[PDB]
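*Asks:* Have a look at this one.
Values quoted throughout were computed directly from the atomic coordinates according to the rules given, and no laboratory measurement underlies them. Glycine also receives a Cβ, built like all others from the backbone with ideal geometry; neighbour counts cover every protein chain displayed.
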Amino acid sequence: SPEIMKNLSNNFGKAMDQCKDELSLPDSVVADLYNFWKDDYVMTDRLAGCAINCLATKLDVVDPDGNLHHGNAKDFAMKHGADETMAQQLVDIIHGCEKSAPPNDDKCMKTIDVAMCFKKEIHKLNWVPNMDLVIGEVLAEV
């Protein structure tokens, strides 16, 4: 129907489902993930971070149109709801948080730190990035 047929929503969910399978992430971690960005939630598991680095291995599954790539969240933002300022702001949150991150260089835990930091810094934007814009950024950098 001419309703929800122009949205990366499904393809996102497929890349998540691939991580839910290829990593066998539990439905509780999947639900925890979807709750994470939903208002303001702190996860304390590590498997959600492992999901994030897997979504990041699957940018070609997240946006099969060809926007989402390494360091390339800008095109992905542009085709959704940003311009070069907004699309750079988010890059600067992850590029900020990734360096401000503690001495723990890990596959899942560092992702979690930089991702929770990112949501804290969504406060300083004084706008509200789309679910797309949030999750696509961590993916592009991880």
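*Asks:* Looking only at residues in segment 75-88 that are surrounded by fewer than 15 Cβ atoms within 10 Å (Cβ to Cβ) and among the acidic types (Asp, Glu), which one is farthest from residue 7 (Cα to Cα)?
*Replies:* Looking at residues that are surrounded by fewer than 15 Cβ atoms within 10 Å (Cβ to Cβ) and among the acidic types (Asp, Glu), I get 84.
*Asks:* How about segment 101-142: which of its residues are closer than 19 Å to residue 16 by Cβ, among the charged types (D, E, K, R) and free of Cβ contacts under 8 Å to residues at least 60 places away in the same chain?
*Replies:* Selection gives 107 alone.
*Asks:* Answer yes or no: is there a residue in segment 41-51 that is within 14 Å of the chain's Cα centre (by Cα) and acidic (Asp, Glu).
*Replies:* no
*Asks:* Please list, ordered by first then second residue, the pairs with beta carbon atoms under 9 Å, 6 or more apart or interchain, first in segment 36-52 and farther than 16 Å from residue 22 by Cα, second surrounded by fewer than 20 Cβ atoms within 10 Å (Cβ to Cβ) and polar (S, T, N, Q).
*Replies:* Within 9 Å, the pairs are 41/35; 43/35; 45/28.
*Asks:* Another one. Does residue 91 satisfy the criteria of being over 15 Å from residue 131 (Cβ atoms), surrounded by 15 or more Cβ atoms within 10 Å (Cβ to Cβ), β-branched (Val, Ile, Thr) and in contact with a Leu (Cβ under 9 Å, 6 or more places away or on another chain)?
*Replies:* Judged against the criteria, residue 91 is not a match.
*Asks:* Give me the helices (runs of 4 or more DSSP H) completely within segment 1-114, filtered to those with at least 1 residues that are among the hydroxyl-bearing types (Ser, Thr, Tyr), ordered by residue number.
*Replies:* In segment 1-114, 9-22, 27-36, 86-100 are the helices (runs of 4 or more DSSP H) which contain 1 or more residues that are among the hydroxyl-bearing types (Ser, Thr, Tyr).
*Asks:* Which residue, of 29, 62, is of a type in the set (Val, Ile, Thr), surrounded by 15 or more Cβ atoms within 10 Å (Cβ to Cβ) and more than 14 Å from the chain's Cα centre (by Cα)?
*Replies:* 29 is the lone residue from the list that is of a type in the set (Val, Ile, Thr), surrounded by 15 or more Cβ atoms within 10 Å (Cβ to Cβ) and more than 14 Å from the chain's Cα centre (by Cα).
*Asks:* Related question: For residues that are among the basic types (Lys, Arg) and over 18 Å from residue 25 (Cβ atoms), tally how many sit in segment 38-76.
*Replies:* 1
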